[PDB]
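*Asks:* If you scroll down you'll find the structure; I have some questions about it.
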Amino acid sequence: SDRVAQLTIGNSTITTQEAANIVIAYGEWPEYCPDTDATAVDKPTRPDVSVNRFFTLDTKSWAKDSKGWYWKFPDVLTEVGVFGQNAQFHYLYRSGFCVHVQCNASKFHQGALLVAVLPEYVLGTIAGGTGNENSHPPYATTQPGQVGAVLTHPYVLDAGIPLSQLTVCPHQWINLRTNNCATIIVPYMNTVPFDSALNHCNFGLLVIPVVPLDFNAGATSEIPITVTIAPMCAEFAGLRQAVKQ
Amino acid sequence: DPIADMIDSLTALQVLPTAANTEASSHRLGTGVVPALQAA
């Protein structure tokens, strides 16, 4: 009876009846910055309900030949709600996250998704194909917003590193015969206690179908994937006029 | 003695190995106490 779960934070609640555990990334819960680690001297703001709540992004469609999707954090929320306004009016930000990915299907469907969190997900290019061009990814690719982007070569994760050892990162699976959701709680990971929300992305969320989706003709062919996220201990400092990017 | 007029620094050092800490403070409203106005 641990297959049922309820996540309540702010004015939002997620219920699930077909779940695995909750993964706490590297065994650490999100926290506020203590006085020994802080360096900036001004008092930070902690809104504590209007920013620490569940945010639901756009919905993907799992087809039979999907490659995979990725999102960048906290780039997905810089234009959404009161979190997106505090991130534009302040210079520094610090927070953890609770990521929840939903995908339900019937008992006659099959497939498996790998849902992983990779910190400092730096993207590469195909270098013009032949390897001679020093190409760089565009701004819509490195920071795709709340919509997200599609992976072009998911076997090398578009960065030259294999998918087969992506499970060294905090991860869960969505196996369609077993569960319909995955939940990872991520703390703040950086070399600095605060950072910019418009210039730096802490981690990337990767959702890749390792086993492809399959069903017989006559069943439902529209299988969607929804991502719902929540900041946990959001702090903001360095107040100045609003800067969008 | 017959003749009575023949009878007849500001700062110090301290060891400071680190820079100074910052204390927490709140707002302040009142008269008479103005730490921001100086005289160069």
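In the structure tokens, each chain is lettered A, B, ... as it comes, each chain's residues begin at 1, and ligands are numbered from 1 in order of appearance.
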Only residues of chain B matter here; which ones have an atom within 10 Å of chain A, counting only C-alpha atoms? Give them as a list in words.
*Replies:*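 Taking only C-alpha atoms into account, residues 21, 22, 23, 24, 25 and 26 of chain B sit within 10 Å of chain A.
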*Asks:* Would you list the contacts of region 4-9 of chain A as a PyMOL selection string, taking every protein, DNA or RNA residue within 8 Å and counting only C-alpha atoms, but skipping same-chain residues closer than 4 positions in sequence?
*Replies:* chain A and resi 13-19+52-54
*Asks:* Got time to write the residues from that selection, N, CA, C and O atoms, as a tab-separated table (two decimals), in the first residue's frame?
*Replies:*
chain	number	residue	atom	x	y	z
A	13	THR	N	-2.06	19.74	-4.95
A	13	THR	CA	-2.00	18.36	-4.48
A	13	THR	C	-1.93	17.44	-5.69
A	13	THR	O	-2.69	17.61	-6.65
A	14	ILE	N	-1.02	16.47	-5.65
A	14	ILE	CA	-0.95	15.41	-6.65
A	14	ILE	C	-1.26	14.09	-5.96
A	14	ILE	O	-0.64	13.76	-4.94
A	15	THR	N	-2.21	13.34	-6.51
A	15	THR	CA	-2.51	12.00	-6.04
A	15	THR	C	-2.13	11.00	-7.11
A	15	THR	O	-2.30	11.25	-8.30
A	16	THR	N	-1.59	9.86	-6.68
A	16	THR	CA	-1.31	8.76	-7.58
A	16	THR	C	-1.62	7.45	-6.87
A	16	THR	O	-1.48	7.35	-5.65
A	17	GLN	N	-2.08	6.47	-7.64
A	17	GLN	CA	-2.42	5.16	-7.10
A	17	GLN	C	-1.54	4.05	-7.63
A	17	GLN	O	-1.68	2.91	-7.17
A	18	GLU	N	-0.65	4.34	-8.57
A	18	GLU	CA	0.22	3.34	-9.20
A	18	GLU	C	1.61	3.96	-9.24
A	18	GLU	O	2.01	4.56	-10.24
A	19	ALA	N	2.37	3.81	-8.15
A	19	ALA	CA	3.63	4.53	-8.01
A	19	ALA	C	4.71	3.62	-7.46
A	19	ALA	O	4.44	2.58	-6.84
A	52	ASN	N	6.54	28.16	-3.91
A	52	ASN	CA	6.76	26.76	-3.58
A	52	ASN	C	5.44	26.02	-3.75
A	52	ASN	O	4.69	25.78	-2.81
A	53	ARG	N	5.16	25.65	-5.00
A	53	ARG	CA	3.90	25.04	-5.38
A	53	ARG	C	4.13	24.29	-6.69
A	53	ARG	O	5.12	24.51	-7.38
A	54	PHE	N	3.18	23.42	-7.03
A	54	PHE	CA	3.34	22.57	-8.20
A	54	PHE	C	2.98	23.33	-9.47
A	54	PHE	O	1.94	23.99	-9.54
*Asks:* Excluding same-chain residues fewer than 3 positions from residue 64 (chain A), what lies within 9 Å of it counting only C-alpha atoms, as number ranges by chain?
*Replies:* A: 212-214
*Asks:* Take the residues just selected and output them with N, CA, C and O atoms as a compact mmCIF listing (two decimals), in the first residue's frame.
*Replies:*
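Result written to selection-v4.txt:
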# COMPACT_ATOMS: atom_id res chain seq x y z
N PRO A 212 10.37 0.84 -26.72
CA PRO A 212 9.39 1.65 -27.45
C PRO A 212 7.95 1.26 -27.12
O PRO A 212 7.66 0.16 -26.65
N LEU A 213 7.06 2.21 -27.39
CA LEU A 213 5.64 2.01 -27.13
C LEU A 213 5.04 1.05 -28.16
O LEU A 213 5.36 1.11 -29.35
N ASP A 214 4.16 0.17 -27.70
CA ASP A 214 3.55 -0.81 -28.58
C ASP A 214 2.16 -1.17 -28.08
O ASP A 214 1.93 -1.27 -26.87
*Asks:* List every residue of region 26-186 of chain A that DSSP, applied to the backbone of this structure, assigns to alpha helix (DSSP H), and report them as a PyMOL selection string.
*Replies:* chain A and resi 81-89+139-142
*Asks:* Keeping N, CA and C atoms for every residue in the selection just given, could you write it to a file as a short mmCIF file (atom, residue, chain, number, x, y, z; two decimals), in the first residue's frame?
*Replies:*
data_model
loop_
_atom_site.label_atom_id
_atom_site.label_comp_id
_atom_site.auth_asym_id
_atom_site.auth_seq_id
_atom_site.Cartn_x
_atom_site.Cartn_y
_atom_site.Cartn_z
N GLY A 81 4.10 32.42 -13.50
CA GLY A 81 3.63 32.67 -12.15
C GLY A 81 4.43 33.72 -11.39
N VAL A 82 4.38 33.61 -10.06
CA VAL A 82 5.13 34.51 -9.19
C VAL A 82 6.60 34.10 -9.11
N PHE A 83 6.91 32.83 -9.39
CA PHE A 83 8.30 32.40 -9.49
C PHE A 83 9.00 33.08 -10.66
N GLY A 84 8.31 33.21 -11.79
CA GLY A 84 8.89 33.86 -12.95
C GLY A 84 9.07 35.35 -12.78
N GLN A 85 8.32 35.97 -11.88
CA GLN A 85 8.50 37.39 -11.61
C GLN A 85 9.60 37.65 -10.59
N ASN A 86 9.77 36.77 -9.61
CA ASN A 86 10.87 36.92 -8.67
C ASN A 86 12.21 36.63 -9.32
N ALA A 87 12.23 35.77 -10.33
CA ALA A 87 13.46 35.45 -11.04
C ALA A 87 13.89 36.55 -12.00
N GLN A 88 12.98 37.43 -12.40
CA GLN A 88 13.31 38.55 -13.27
C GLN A 88 13.66 39.81 -12.52
N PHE A 89 13.08 40.03 -11.34
CA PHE A 89 13.36 41.22 -10.55
C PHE A 89 14.59 41.07 -9.68
N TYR A 139 20.28 29.30 -29.20
CA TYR A 139 19.73 29.68 -27.91
C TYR A 139 18.39 29.00 -27.64
N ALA A 140 17.63 28.69 -28.69
CA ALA A 140 16.38 27.96 -28.51
C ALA A 140 16.61 26.49 -28.17
N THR A 141 17.81 25.97 -28.45
CA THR A 141 18.16 24.59 -28.13
C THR A 141 18.68 24.45 -26.71
N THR A 142 19.57 25.35 -26.28
CA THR A 142 20.15 25.25 -24.95
C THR A 142 19.18 25.66 -23.85
#
*Asks:* Using only C-alpha atoms, which of A:103, A:25, A:210, A:198 sits nearest residue 155 (chain A)?
*Replies:*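 With only C-alpha atoms as the atom set, the closest residue is A:210.
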*Asks:* Give me the residues near residue 71 (chain A) as a list in words, where near means some atom within 9 Å (using only C-alpha atoms) and where sequence neighbours in that chain fewer than 6 positions away do not count.
*Replies:*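 What passes the distance filter is residues 143, 144, 145, 146, 147, 148, 149, 203, 204, 205, 206 and 207 of chain A.
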*Asks:* Keeping only C-alpha atoms, write the selected residues to a file as a PDB file, in the first residue's frame.
*Replies:*
ATOM      1  CA  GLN A 143      17.222  26.980 -23.182  1.00  0.00           C
ATOM      2  CA  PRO A 144      13.970  25.751 -24.765  1.00  0.00           C
ATOM      3  CA  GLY A 145      11.648  27.164 -22.096  1.00  0.00           C
ATOM      4  CA  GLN A 146       8.615  25.414 -20.657  1.00  0.00           C
ATOM      5  CA  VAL A 147       7.915  23.658 -23.970  1.00  0.00           C
ATOM      6  CA  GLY A 148      11.152  21.688 -24.097  1.00  0.00           C
ATOM      7  CA  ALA A 149      13.074  20.222 -27.004  1.00  0.00           C
ATOM      8  CA  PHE A 203      20.213  20.471 -14.173  1.00  0.00           C
ATOM      9  CA  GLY A 204      18.337  18.948 -17.069  1.00  0.00           C
ATOM     10  CA  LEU A 205      15.453  16.487 -16.934  1.00  0.00           C
ATOM     11  CA  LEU A 206      15.614  13.731 -19.559  1.00  0.00           C
ATOM     12  CA  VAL A 207      12.657  11.522 -20.531  1.00  0.00           C
TER      13      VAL A 207
END
*Asks:* Would you mind reading off the distance between CA of residue 223 (chain A) and CA of residue 209 (chain A), one decimal, in Å?
*Replies:*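 It comes out at 12.6 Å.
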*Asks:* Residues near residue 154 (chain A), anyone? I mean within 10 Å using only C-alpha atoms, not counting same-chain ones fewer than 4 positions away, as a PyMOL selection string.
*Replies:* chain A and resi 67-69+150+158-163+206+208-210
*Asks:* Run DSSP on the backbone and tell me which residues of region 70-119 of chain A come out as strand (DSSP E); list them as a PyMOL selection string.
*Replies:* chain A and resi 70-73+90-94+97-102+110-119
*Asks:* Which polymer residues have any atom within 12 Å of an atom of residue 189 (chain A), counting only C-alpha atoms, with same-chain residues fewer than 5 positions away left out, as number ranges by chain?
*Replies:* A: 25-26, 28-31, 33, 73, 94-97, 117-120, 194-195, 200-203
*Asks:* Atoms to include: N, CA and C atoms. Write the selected residues as a PDB file, in the first residue's frame.
*Replies:*
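File produced: result39.pdb:
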ATOM      1  N   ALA A  25      17.414  12.832  -4.384  1.00  0.00           N
ATOM      2  CA  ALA A  25      18.660  12.816  -5.144  1.00  0.00           C
ATOM      3  C   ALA A  25      19.859  13.032  -4.231  1.00  0.00           C
ATOM      4  N   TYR A  26      20.792  12.075  -4.263  1.00  0.00           N
ATOM      5  CA  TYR A  26      22.009  12.019  -3.447  1.00  0.00           C
ATOM      6  C   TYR A  26      21.721  12.019  -1.950  1.00  0.00           C
ATOM      7  N   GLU A  28      19.731  13.858  -0.129  1.00  0.00           N
ATOM      8  CA  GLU A  28      19.703  15.180   0.481  1.00  0.00           C
ATOM      9  C   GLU A  28      18.407  15.900   0.156  1.00  0.00           C
ATOM     10  N   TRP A  29      17.767  16.440   1.184  1.00  0.00           N
ATOM     11  CA  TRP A  29      16.588  17.267   1.019  1.00  0.00           C
ATOM     12  C   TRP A  29      16.995  18.710   0.735  1.00  0.00           C
ATOM     13  N   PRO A  30      16.179  19.448  -0.014  1.00  0.00           N
ATOM     14  CA  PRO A  30      16.463  20.870  -0.232  1.00  0.00           C
ATOM     15  C   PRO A  30      16.360  21.689   1.046  1.00  0.00           C
ATOM     16  N   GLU A  31      17.203  22.714   1.120  1.00  0.00           N
ATOM     17  CA  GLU A  31      17.360  23.526   2.314  1.00  0.00           C
ATOM     18  C   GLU A  31      17.593  24.973   1.908  1.00  0.00           C
ATOM     19  N   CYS A  33      19.938  28.441   2.456  1.00  0.00           N
ATOM     20  CA  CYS A  33      21.382  28.614   2.568  1.00  0.00           C
ATOM     21  C   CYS A  33      21.758  29.052   3.980  1.00  0.00           C
ATOM     22  N   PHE A  73      16.350  23.487 -16.155  1.00  0.00           N
ATOM     23  CA  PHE A  73      15.876  24.026 -14.892  1.00  0.00           C
ATOM     24  C   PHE A  73      16.828  25.095 -14.378  1.00  0.00           C
ATOM     25  N   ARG A  94      18.086  30.727  -5.585  1.00  0.00           N
ATOM     26  CA  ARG A  94      18.533  29.443  -5.060  1.00  0.00           C
ATOM     27  C   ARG A  94      17.304  28.629  -4.686  1.00  0.00           C
ATOM     28  N   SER A  95      17.187  27.436  -5.244  1.00  0.00           N
ATOM     29  CA  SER A  95      16.115  26.553  -4.844  1.00  0.00           C
ATOM     30  C   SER A  95      16.298  25.116  -5.289  1.00  0.00           C
ATOM     31  N   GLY A  96      15.630  24.221  -4.583  1.00  0.00           N
ATOM     32  CA  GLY A  96      15.525  22.838  -4.989  1.00  0.00           C
ATOM     33  C   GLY A  96      14.226  22.595  -5.745  1.00  0.00           C
ATOM     34  N   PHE A  97      14.040  21.353  -6.180  1.00  0.00           N
ATOM     35  CA  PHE A  97      12.898  21.029  -7.022  1.00  0.00           C
ATOM     36  C   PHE A  97      12.327  19.668  -6.660  1.00  0.00           C
ATOM     37  N   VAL A 117      17.670  12.859 -14.039  1.00  0.00           N
ATOM     38  CA  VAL A 117      18.103  14.226 -13.774  1.00  0.00           C
ATOM     39  C   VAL A 117      19.615  14.270 -13.954  1.00  0.00           C
ATOM     40  N   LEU A 118      20.081  15.103 -14.875  1.00  0.00           N
ATOM     41  CA  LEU A 118      21.512  15.233 -15.151  1.00  0.00           C
ATOM     42  C   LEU A 118      21.965  16.658 -14.880  1.00  0.00           C
ATOM     43  N   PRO A 119      22.725  16.908 -13.817  1.00  0.00           N
ATOM     44  CA  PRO A 119      23.201  18.271 -13.555  1.00  0.00           C
ATOM     45  C   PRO A 119      24.299  18.698 -14.513  1.00  0.00           C
ATOM     46  N   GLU A 120      24.242  19.978 -14.893  1.00  0.00           N
ATOM     47  CA  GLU A 120      25.119  20.619 -15.878  1.00  0.00           C
ATOM     48  C   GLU A 120      25.097  19.872 -17.212  1.00  0.00           C
ATOM     49  N   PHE A 194      24.429  31.051  -4.399  1.00  0.00           N
ATOM     50  CA  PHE A 194      23.382  31.642  -5.216  1.00  0.00           C
ATOM     51  C   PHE A 194      23.906  31.777  -6.636  1.00  0.00           C
ATOM     52  N   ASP A 195      22.993  31.894  -7.594  1.00  0.00           N
ATOM     53  CA  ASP A 195      23.378  32.082  -8.985  1.00  0.00           C
ATOM     54  C   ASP A 195      22.253  32.792  -9.722  1.00  0.00           C
ATOM     55  N   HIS A 200      22.167  30.706 -16.031  1.00  0.00           N
ATOM     56  CA  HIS A 200      22.693  29.408 -15.645  1.00  0.00           C
ATOM     57  C   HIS A 200      21.554  28.430 -15.423  1.00  0.00           C
ATOM     58  N   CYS A 201      21.730  27.208 -15.914  1.00  0.00           N
ATOM     59  CA  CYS A 201      20.802  26.114 -15.667  1.00  0.00           C
ATOM     60  C   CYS A 201      21.494  25.066 -14.811  1.00  0.00           C
ATOM     61  N   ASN A 202      20.857  24.687 -13.702  1.00  0.00           N
ATOM     62  CA  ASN A 202      21.485  23.757 -12.771  1.00  0.00           C
ATOM     63  C   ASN A 202      21.477  22.337 -13.310  1.00  0.00           C
ATOM     64  N   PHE A 203      20.308  21.840 -13.700  1.00  0.00           N
ATOM     65  CA  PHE A 203      20.213  20.471 -14.173  1.00  0.00           C
ATOM     66  C   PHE A 203      19.263  20.400 -15.353  1.00  0.00           C
TER      67      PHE A 203
END
*Asks:* In Å to one decimal, how far is CA of residue 107 (chain A) from CA of residue 182 (chain A)?
*Replies:*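 Computing it gives 18.1 Å between the two atoms.
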